[PDB]
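Asks: Need the 3D shape of this:
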Amino acid sequence: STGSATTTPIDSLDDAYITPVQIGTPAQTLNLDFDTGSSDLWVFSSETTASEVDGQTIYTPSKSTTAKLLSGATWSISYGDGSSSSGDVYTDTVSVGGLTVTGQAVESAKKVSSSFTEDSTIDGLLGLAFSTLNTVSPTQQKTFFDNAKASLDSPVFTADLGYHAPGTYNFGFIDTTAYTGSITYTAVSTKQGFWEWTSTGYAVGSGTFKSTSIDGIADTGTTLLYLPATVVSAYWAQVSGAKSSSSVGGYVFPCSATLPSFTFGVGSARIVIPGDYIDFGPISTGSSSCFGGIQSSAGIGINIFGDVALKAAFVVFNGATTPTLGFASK
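Replies: Residues are numbered from 1 along each chain as shown. Below is the structure in question.
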């Protein structure tokens, strides 16, 4: 089997992407944030504290003939941005782009933090990291991809995020029309539960390529590109007037600037992030100070190849017995 779903930016900055997901019988369609940096599929629901719901579409398990309470199971998760959610668990039928999993753990939110409430466009998350990170207790649950794997034509899913435009998540096949040149595959460590890999270096604009190992995670659920302070400093030094602002919480730059591209290495191959991808616009409405799309990972504890980087590539998440990551230009 295979699945194919369109994923759509939630706003004009590509702050995140939502993908429609069918849950239950009859189908309840929720727009979820596919997150290769976490491993919980959780949804706004009929159980969510009413004051914490503001415009989201909710899952109502009592209206699904295939929903079953997973007795005794609870979940609770905290994300790198400080947001969080928690609740209990149902199993139900979940379909993504024509691909159906029965008995999928659907984590029903009783509580969500303000960040989720305030984002009316995201109805929940669908985690696509390794199931070892799943927070369901006392019986850890599998991700949608894990449950689907054996049924898939090939044990892979691909992320093809658009710049200011829709893209595609495919399950079970590689669309060879969706990228240019070849896919370069690179090793993955699952030790931390992430799609963790090592970039072979970077360049800034038309600058020479610096060969250097950068360990990081391919994370569709993170907006920006978080890299070592040395790298990030080298990038913003090429932007007149750019500076790190503690009060804003990262690198800002004059909105009148033309940003240089950023290249990252995948083995001997190179992915080029156009400068425009690195512009996240005024820090506040009307400001002439713009927020940078490349930020320091110092104090995160991990480098993150988030959407800024991933949207410049066609990315293969290869879930074979020995997982790997593939990158192609597009």
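
Asks: Closest to the centroid, which residue in this structure?
Replies: residue 220 (1.8 Å; C-alpha atoms, centre = their mean).

Asks: Which residue is the nearest non-sequential neighbour of it?
Replies: residue 36 (4.5 Å; C-beta to C-beta, 6 or more residues apart in numbering). (C-beta placed from N, C-alpha, C; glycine too.)

Asks: Over to residue 258?
Replies: residue 275 (6.5 Å).

Asks: From residue 330, how far off is residue 178?
Replies: Per C-beta to C-beta, to the nearest Å, residue 178 is found 6 Å from residue 330.

Asks: Identify the contacts common to those two.
Replies: Common neighbours of residue 178 and residue 330 (criterion: C-beta atoms under 8 Å, 6 or more residues apart in numbering): 160, 314.

Asks: what's near enough to touch residue 85?
Replies: Residue 85 sits in contact with 42, 76-77, 109, 111-113, 116, where contact means C-beta under 8 Å, 6+ apart.

Asks: again, but for residue 224
Replies: 280, 292-295, 304, 306-308.

Asks: re earlier: so the residue nearest to residue 258 sits right up against residue 253, yeah?
Replies: No. The pair residue 275 / residue 253 is not scored as a contact, 10.7 Å apart, by C-beta atoms under 8 Å.

Asks: Show me the common contact partners of those two, please.
Replies: residue 259.

Asks: all strands of the stretch 1-150 of the chain, in order?
Replies: 3-9, 17-23, 28-35, 41-43, 68-78, 84-96, 99-112, 124-127 (DSSP state E, counting those that start in this stretch).

Asks: Residue 135 is nearest to which of those?
Replies: Nearest to residue 135 among the strands of the stretch 1-150 of the chain is strand 68-78 (4.7 Å), distances taken as C-beta to C-beta.

Asks: got the buried residues for the closest one?
Replies: 70, 73, 75-77 (16 or more other C-beta atoms under 10 Å).

Asks: how about TSV for the residues you listed, with distance to residue 300 added?
Replies: What follows is the buried residues of strand 68-78, written out as TSV (distance: C-beta to C-beta, whole Å):
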residue	distance to residue 300
70	32
73	30
75	23
76	21
77	17
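
Asks: Out of those residues, which is nearest to residue 149?
Replies: residue 70 (20.5 Å).

Asks: how much space between that closest one and residue 90?
Replies: In terms of C-beta to C-beta, residue 70 sits 6 Å off from residue 90.

Asks: Are there residues contacting both of these two? Which ones?
Replies: Contacts common to residue 70 and residue 90, judged by C-beta under 8 Å, 6+ apart, are residue 105.

Asks: show me where the protein has helices.
Replies: Assigned by DSSP state H, the chain shows helices spanning 114-117, 144-148, 229-236, 307-310.

Asks: Among these, show me which one is buried the most.
Replies: helix 307-310 (a mean of 26; mean count of other C-beta atoms under 10 Å).

Asks: Any chance you could give me it in PDB, C-alpha atoms only?
Replies: Presented in PDB, the C-alpha positions along helix 307-310 are these (Å, rounded to 0.1, in the frame of the first residue of the first chain):
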ATOM      1  CA  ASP A 307      11.500  23.300   7.900                       C
ATOM      2  CA  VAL A 308      13.800  26.100   6.700                       C
ATOM      3  CA  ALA A 309      16.300  23.400   5.700                       C
ATOM      4  CA  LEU A 310      13.900  20.600   4.800                       C
END
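
Asks: Mind giving me the packing neighbours of that helix?
Replies: strand 269-273 (3 or more C-beta pairs under 8 Å, 6 or more residues apart in numbering; DSSP states H and E).

Asks: Which secondary structure elements does the strand it packs on sit against?
Replies: strand 262-266, helix 307-310.

Asks: on that earlier part again, contacts only, for the residue nearest to residue 220.
Replies: 127-129, 159, 194-195, 217-221, 317.

Asks: Could you do residue 173 as well?
Replies: Applying C-beta under 8 Å, 6+ apart, the residues near residue 173 are 2, 153-154, 156.
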